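Report on the structure
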Amino acid sequence: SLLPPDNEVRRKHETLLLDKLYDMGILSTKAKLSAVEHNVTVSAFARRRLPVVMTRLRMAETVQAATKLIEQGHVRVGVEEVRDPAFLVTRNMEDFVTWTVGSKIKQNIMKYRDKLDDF
Amino acid sequence: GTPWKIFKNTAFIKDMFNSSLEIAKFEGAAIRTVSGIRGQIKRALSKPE
Amino acid sequence: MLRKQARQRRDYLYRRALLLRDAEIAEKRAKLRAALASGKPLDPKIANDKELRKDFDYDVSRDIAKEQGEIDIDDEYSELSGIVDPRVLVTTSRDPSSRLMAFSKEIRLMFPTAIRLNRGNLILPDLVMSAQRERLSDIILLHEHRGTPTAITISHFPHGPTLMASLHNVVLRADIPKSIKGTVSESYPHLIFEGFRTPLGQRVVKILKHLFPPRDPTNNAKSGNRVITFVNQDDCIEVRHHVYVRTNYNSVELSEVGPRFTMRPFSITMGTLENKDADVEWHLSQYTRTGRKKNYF
Amino acid sequence: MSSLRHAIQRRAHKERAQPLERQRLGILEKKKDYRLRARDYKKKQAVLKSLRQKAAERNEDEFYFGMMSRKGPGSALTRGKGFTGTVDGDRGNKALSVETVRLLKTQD
Amino acid sequence: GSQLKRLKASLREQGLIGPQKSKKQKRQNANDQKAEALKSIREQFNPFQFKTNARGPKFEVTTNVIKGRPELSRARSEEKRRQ
Amino acid sequence: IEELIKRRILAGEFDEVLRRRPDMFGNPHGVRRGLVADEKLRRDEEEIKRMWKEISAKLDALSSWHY
RNA sequence: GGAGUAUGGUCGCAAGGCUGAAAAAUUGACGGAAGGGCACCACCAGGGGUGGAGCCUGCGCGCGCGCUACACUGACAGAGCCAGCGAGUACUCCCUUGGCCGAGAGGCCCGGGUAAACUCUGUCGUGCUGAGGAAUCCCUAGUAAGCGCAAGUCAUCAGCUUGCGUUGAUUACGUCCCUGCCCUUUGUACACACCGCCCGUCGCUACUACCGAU
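Residues numbered from 1 in each chain as written, not as in the entry; some residues may be left out. Chains lettered and ligands numbered in written order. Part of a larger assembly, values for the part shown. Heavy atoms only, no water. Residues with missing side-chain atoms left out of burial classes, pairs and counts.

cryo-EM is the method the PDB entry lists for this structure, together with a resolution of 4.7 Å.

In structure tokens:
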């Protein structure tokens, strides 16, 4: 912001910082530097960690119990399993982080919703 | 008139006219039920004249 | 995929509501910035909201750059506007009839990057699925009444806005024998638009003119053989498709080759074809008091 | 104003009534009746709407804990003919094990 | 063929789009019609001034095609409905 | 309407989409890819370049490289 | 009082007719030959409409577009066995003979005008009891076509629109030969590799000199 408003490099990095953080999900818009200033926050980081965002996608009831699940290891990302409960889920990966292969959890879900394929 | 059948929006109406001719004169007619629903007459219905 | 498109589309909605709040703000911010250059005094609330002044000092550059036209607004079109070629499919209704199928062939020809598709036995939810698994620009329907088309239904995919319009005054391609008509050129036609003077007019022109390929920009005003027109009066946009040869720097001759439409758009939804539970943006309001007096577009 | 009006000005209109050769079809709906209909219909359609909201944006993969402890909807094939997608809340009875049934039957 | 090609070749036949000639070609031409040619060409290659069937005749009969004009027809009629 | 078209095609303008290049944003001059005070401002500018490079390293590297 | 914002009215200009309807070009105008890419508006294998008769919306008596009929893929009797979409306190085809109880306005009662399909079992057998020319137009995978069921969504649409499900083939799936349409012969990236100055008629420009008036 200290840079004078009319500059090319200012314009380029306003856009760059904004769209990059937005693709890291920590924001909510992509057009306001004041929002970067008094909005970008370690709390927003934590709410883009892994267990918090699996509560948001509704994997599990409370983010404590979500931590317990992903520590036992039912929670996959992409194609890998994940143990590190700080695997910062960027916005392109919130759509993917799902349940693992041989999970008693996934079979429980299929039990309740009555399709429980044993194959 | 008085409605003959009633679908969701489009309603047929029967006992208002004596001919398709009279209707197609009153094409696009600004019609209005008592309850205050507005509406429009659009085509004469063919099988009961 | 499917969780992804649900993700992005709702994020578009929520960011719109965000833009509502912040543009209500920037209205005030606008008056501050103008005053600095002008030295004309200002509203005292604007003079003394402190977070506003500091936030000005951060967020100047957006306002001046928008004044410059340096950026195009956040849009379901601005992501991929003139970069990549929009491919478009045209489909008929469920059980088509033959004259309708010929007319659909005609408007496939008018577009240059299209395919037609026999609809056949296909749930329209799964036709939307075919869309979001072949990354189309645009689905397009047709509905006939009795041999004569009545309505088209433009959707912009992956998730964009949909126009839905009646048609009238249609002529086919196929009322003229092939001894006089002929195969029409698949060249990238120009587009012209006359009389769209609402912001809603610019919405509908946006959803129209992002159908066609990008022209190459070097000599486009000089080259080119084929011109498509959209003109509008009494919110009945009339569209013709013409082909031309330039006989002089002072004279030119046109030939009329496409189907002649008038369509009047009666549903514009930021929301695709299946989602009947979506947010409409302008519907055609008969039955009201002065829905006949006023016009949009 | 209100003091610039006659009493016969202040007088009322009465609503007409259904033609007596037509009382078969119920009352003659006027604006009171209409709006009460549309009140209820707007409300119930908005509730349907918010429901389809939740069903479309439904994550295919959630997991609470009632799922281990309730009895689900299932589907047409699962329950078969007594299927309505609502889920069963036990009225409050339970399988009585033997000794209790004995004491009860003794009292009986 | 295409509308475009048939119009280009008809106009080159009509000499109104042919290449910029010389003075000598101008002298030869001045040394050695097109109005009605152009008017008929226009009426043709904007065929939607009128209706025809696409089929041609259900029965050939030999003894010695525009089918009427929607635009002039509805125009004349609207003038009468005015008057 | 034929009149309007005539006017525009003579006075050639269309409201067409064009083919804007994908690399205006990063190659604002569009070089060919083959053979070929103000000091205070320049120092601050290269400075912000350095800050940005380091943060983007940390940003990709934090995000675990999906970006 | 000041600052804005509107709103209307006033005022001045714009508001004096050698005149009587129907270019730019060192960059341009137009071809041609070769070579590529494509397309059920191209080739090729087939399929399928309409076009024959009746019905009628539409469009301009003509014209198609939809609906019906037309027989071996038959008719009658049984047996069995399958869908998906739909829930607004809301839904009706008549209109009429009589009579009931209705001082009168009505309400009665009696008369008259969750599937087709498919499989199996058995009975009889081409019997006005005739599947649509030349043309033309469309179609390459849950597609052609068949079959019903529902809804009736502010534009259109019940003389029908639109959905959902049901059964589901043949036939090419290649080639630019015909028809065409587009694009190369400039640029936009360099290694190996290869290619190796396309062609025509005019325009515009600089210069050169010629010809003939003033």
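1. Examining the protein's contact with RNA strand G
Lining the immediate environment of RNA strand G, one finds 78 residues, of which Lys42 and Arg43 of chain B, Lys105 of chain C together with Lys8 and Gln20 of chain E sit closest. Restricting attention to atoms of RNA strand G within 4 Å of the protein, one finds that 68% of them are sugar or phosphate atoms. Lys178 of chain C is positioned such that a nitrogen or oxygen atom in its side chain is 2.6 Å from a phosphate oxygen of RNA strand G. Sorting the residues of the surface near RNA strand G by element identifies β1 (3-6) of chain B, α4 (98-110), α5 (124-132) and β4 (143-144) of chain C, α2 (31-56) of chain D together with α1 (3-13) and α4 (70-82) of chain E as the ones contributing at least two each. When residues in the surface near RNA strand G are grouped by element, the largest group, five residues, is from α4 of chain C. A per-class count over the surface near RNA strand G returns 24 nonpolar, 25 polar and 29 charged. (Near = heavy atom within 4 Å. Polar contact = N/O pair within 3.5 Å; in protein donor to acceptor, adjacent residues only side chain to side chain. Helix = DSSP H or I, 4+ residues; strand = E, 2+ residues; numbered from the N terminus. Nonpolar A, V, L, I, M, F, W, Y, C, P; charged D, E, K, R; others polar.)

2. Here's the deal with the side chain of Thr162 of chain C
Residue and element names in this part refer to chain C. Tracing the backbone through its elements, the reader meets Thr162 in strand β7 (residues 162-168). Residue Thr162 is classed as buried on the basis of its relative accessible area, which comes to 0%. For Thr162, the side chain forms a polar contact with the side chain of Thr269, separated by 2.8 Å. Side-chain polar atoms of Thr162 contact the backbone oxygen of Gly271, separated by 3.3 Å. (Buried < 20%, exposed > 50% of the residue type's maximum accessible area, 1.4 Å probe, protein only.)

3. Here's the deal with helix α1 (residues 8-23) of chain A
Across its 16 residues, α1 of chain A extends 22 Å between first and last C-alpha, which sits within 8% of the 22 Å expected from 1.5 Å per residue. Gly25 of chain A lies just past α1 of chain A and shows a positive phi near 75 degrees. (Expected span 1.5 Å × (residues − 1).)

4. Brief notes about a positive patch on the surface
A cluster of basic residues, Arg32 and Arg38 of chain B together with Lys31, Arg35 and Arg39 of chain D, forms a positive patch on the protein surface. Ranked by residue count, the leading element in the positive patch is α2 of chain D, at three residues. By secondary structure assignment, the location of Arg32 of chain B is in strand β3 (residues 29-32). Residue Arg32 of chain B is classed as exposed on the basis of its relative accessible area of 60%. (Patch = residues over 30% accessible without salt bridge, like charges linked within 9 Å, V, L, I, M, F, W, Y side chains within 5 Å. Areas by Shrake-Rupley, 256 points an atom, 1.4 Å probe, with all protein chains shown as cover. Salt bridge = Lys/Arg side-chain N within 4 Å of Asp/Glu carboxyl O. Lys, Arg positive; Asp, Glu negative; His and termini not counted. Charge placed at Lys NZ, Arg CZ, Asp CG, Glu CD.)

5. So, the pattern of salt bridges
In total, this model carries 14 salt bridges over all chains according to the counting rule given. Across the pair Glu256 of chain C and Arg260 of chain C runs a salt bridge whose closest N-O atoms are separated by 2.9 Å. When sorted by exposure, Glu256 of chain C lands in the same class as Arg260 of chain C, which is buried. A salt bridge links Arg69 of chain E to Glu43 of chain E; the nearest nitrogen and oxygen atoms lie 3.2 Å apart. On the accessibility criterion, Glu43 of chain E (28% relative accessible area) is partly exposed. The structure contains a network of salt bridges with shared partners spanning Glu256 and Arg260 of chain C together with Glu71 of chain E.

6. Remarks on the sheet that holds strand β2 (residues 80-81) of chain A
In a beta sheet, neighbouring strands are held together by backbone hydrogen bonds and run either parallel or antiparallel to one another. Residues and elements named next belong to chain A. On the basis of which strands lie adjacent, the open sheet formed by three strands has the order β2-β1-β3 and antiparallel pairing. What marks the edges here is a single partner per strand, and that holds for β2 and β3 (98-99). Where strand β1 (residues 75-77) meets β3, two bridges bridge the pair, whose relative direction is antiparallel. Note on β3: the bridge partner recorded for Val75 is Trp99. (Pairing = 2+ DSSP bridges.)

7. Quick notes on the arrangement of the chains
Ranked by contact count, the leading pair among the eight pairs of chains in contact consists of chains C and F. Contact between chain B and chain E is absent, and the least distance between their C-alpha atoms amounts to 15 Å. Without any contact between them, chain E and chain F keep their closest C-alpha atoms 11 Å apart. (Contact = heavy atoms within 4.5 Å.)

8. Some thoughts on the interface of chain C and chain F
At the junction of the two partners, chain C supplies 35 residues and chain F supplies 18 residues. Residue assignment for the side of chain C that touches chain F shows that the elements contributing at least two residues are β8 (190-194), β9 (226-233) and β10 (236-245) of chain C. Of all the elements, β8 of chain C adds the most residues to the side of chain C that touches chain F, at five residues. Across the side of chain C that touches chain F, the residue classes tally to 17 nonpolar, 11 polar and seven charged.

9. Re the environment of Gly39 of chain B
Looking at the secondary structure, you find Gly39 of chain B in strand β4 (residues 38-41). When its relative accessible area of 16% is taken as the criterion, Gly39 of chain B is described as buried. Through-space distance from the C-alpha of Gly39 of chain B to that of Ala11 of chain B is 9.9 Å; in sequence the pair is 28 residues apart. Setting aside its immediate chain neighbours within four residues, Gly39 of chain B contacts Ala29, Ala30 and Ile31 of chain B together with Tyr287 of chain C.

10. Section: the nonpolar core
One recurring pattern in soluble globular proteins is that nonpolar side chains are buried together. All names here are of chain C. Of all hydrophobic cores here, the largest spans 34 residues; its most connected members are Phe111, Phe230 and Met263. For this core, the secondary-structure elements that each account for two or more residues are β1 (88-91), α4, β7, β8, α6 (199-209), β9, β10 and β12 (261-269). If we ignore the near neighbours within four places in the chain, the residues touching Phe230 are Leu191, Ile192, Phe193, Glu194, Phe196, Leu208, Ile237, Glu238 and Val239. (Core = buried A, V, L, I, M, F, W, Y, C linked by side-chain atoms within 4.5 Å.)

11. Considering the packing of α1 of chain A against helix α3 (residues 50-68) of chain C
Viewed as axis vectors pointing N to C, α1 of chain A and α3 of chain C meet at an angle of 100 degrees, and their least axial separation amounts to 11 Å. When the interaxial angle is binned, α1 of chain A and α3 of chain C end up roughly perpendicular. Of α3 of chain C, the residues touching α1 of chain A (which contributes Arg10, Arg11 and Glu14 of chain A) are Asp57, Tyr58, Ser61, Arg62 and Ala65 of chain C. Counted by class, the contact of α1 of chain A with α3 of chain C contains two nonpolar, one polar and five charged residues. (Axes fitted to C-alpha atoms, helices over the stretch in contact; angles between N-to-C directions. Parallel < 35°, antiparallel > 145°, perpendicular 65-115°, else oblique.)

12. A few points about unusual backbone geometry
Of note, the amide linkage connecting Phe157 of chain C to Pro158 of chain C takes the cis form, showing an omega dihedral of -5 degrees. Checked against the element boundaries, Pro158 of chain C lands in the loop between β6 (154-156) and β7. One non-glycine residue with positive phi stands out, namely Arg58 of chain A, at about 80 degrees. Among the secondary structure elements, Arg58 of chain A is positioned in the loop between α4 (50-57) and α5 (63-72).

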